[PDB]
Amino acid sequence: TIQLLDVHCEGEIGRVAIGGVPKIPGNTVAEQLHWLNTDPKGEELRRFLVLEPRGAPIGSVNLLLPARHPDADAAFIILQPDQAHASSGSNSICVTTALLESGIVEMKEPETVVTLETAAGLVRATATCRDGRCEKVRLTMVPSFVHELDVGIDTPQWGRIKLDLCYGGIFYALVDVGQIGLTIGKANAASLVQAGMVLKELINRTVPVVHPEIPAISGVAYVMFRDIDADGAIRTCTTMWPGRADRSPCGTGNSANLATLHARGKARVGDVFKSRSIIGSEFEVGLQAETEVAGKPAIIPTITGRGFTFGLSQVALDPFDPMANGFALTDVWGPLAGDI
């Protein structure tokens, strides 16, 4: 069996696999990510865990893996219906929360520094702990940077629109939502997701991207729509294949967006912003420092959010289930589910 702690971060589910995880081939976490995304056994495992009947169209499964850096408490990789991913703020917060509240990592009060090894690098997480509860977690995200601002693409549905290509631990296309004639709110969840899936297909087909120093991280993962609320918060809706919205404000997406703000002169070291998701849940987003990635101007972002352990689950690793290969349908998985 695989043992999971079921956690949500600002409404976004991150199941944290804390026991019974199989050995994942690779001498680095980046190699393990590559293996998961290329080997048939990697596909089999992911499908088994994420698709029906064992998985749901919402949430990710975070595989805890052996740390390699001596300062890392654990390593992890994020499993989703599309692929394995290197990075995620909401899931890093879920992993931190699970590690501390399970006692796998010793909880110190008022703060515990937890170090998570990802394919993108080490994520340093400062957890505010009180009375055995991990209340919130401030992530120091990996160096984030602009790939290109104001990229134009032709769309049959909305004509020419512009997006920012950028990196916040995985690659994003950021789109001002007014360009597709929608607004970010709950009532538009399906239509926003439909637009995001059209854009992701177009972008993935025509706009290849790879991290200049980490070959295993490539392609635009998600299209994130952005707007501004009246109180000044960065409103976001990250669209995820085969078609659903992130329930959290999106840590990696905010990290990538913060890099665009900094490039435009709209954010500076020391600034703190609020970001709000489609459901109104919130993160604090900070610009901690400037840096460089392979000669490119870059930043060190911070993402602060809360994790809530809501349950425990154990899944039988029985490959004889008649539904062991897993399935999905467009009723609840989104418009591209037929491609699963």
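Note that residue numbering follows the sequence shown and begins at 1.
Open item on the list: Mean CA temperature factor from the deposited coordinates, higher in 288-296 or in 60-68?
Closed with: Stretch with the greater average CA B-factor: 288-296.
TODO: Compare the mean C-alpha B-factor of 151-159 with that of 257-265 as given in the PDB entry, and name the stretch with the higher value.
DONE: It is 151-159 that shows the higher mean C-alpha B-factor.
Open item on the list: Using only the C-alpha B-factors in the record, can you name which of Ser87, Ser218, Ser90, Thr236 has the highest?
Closed with: Comparing C-alpha B-factors across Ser87, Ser218, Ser90, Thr236, the top value belongs to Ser218.
Open item on the list: Out of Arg133, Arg226, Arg244, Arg247, whose C-alpha atom has the biggest B factor in the entry?
Closed with: The record points to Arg133.
Open item on the list: Quick check on the deposited entry: does the C-alpha B-factor of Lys186 sit in the lowest, middle or highest third of its chain?
Closed with: Middle third - that is where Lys186 ends up once the chain's C-alpha B-factors are sorted.
Open item on the list: Where does the C-alpha B-factor of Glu52 rank in its chain, lowest, middle or highest third?
Closed with: Its C-alpha B-factor belongs to the lowest third of this chain's values.
Task: Chain-wide C-alpha B factor ranking for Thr115, given as lowest, middle or highest third - done: Middle third.
TODO: Could you look up the Cα B-factor of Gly326 in the entry and say which third of the chain it sits in: lowest, middle or highest?
DONE: Middle third of the chain for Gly326's C-alpha B-factor.
Task: Relative C-alpha B-factor of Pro81, binned into the chain's lowest, middle or highest third - done: As the PDB entry reports it, the C-alpha B-factor of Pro81 lands in the lowest third of its chain.
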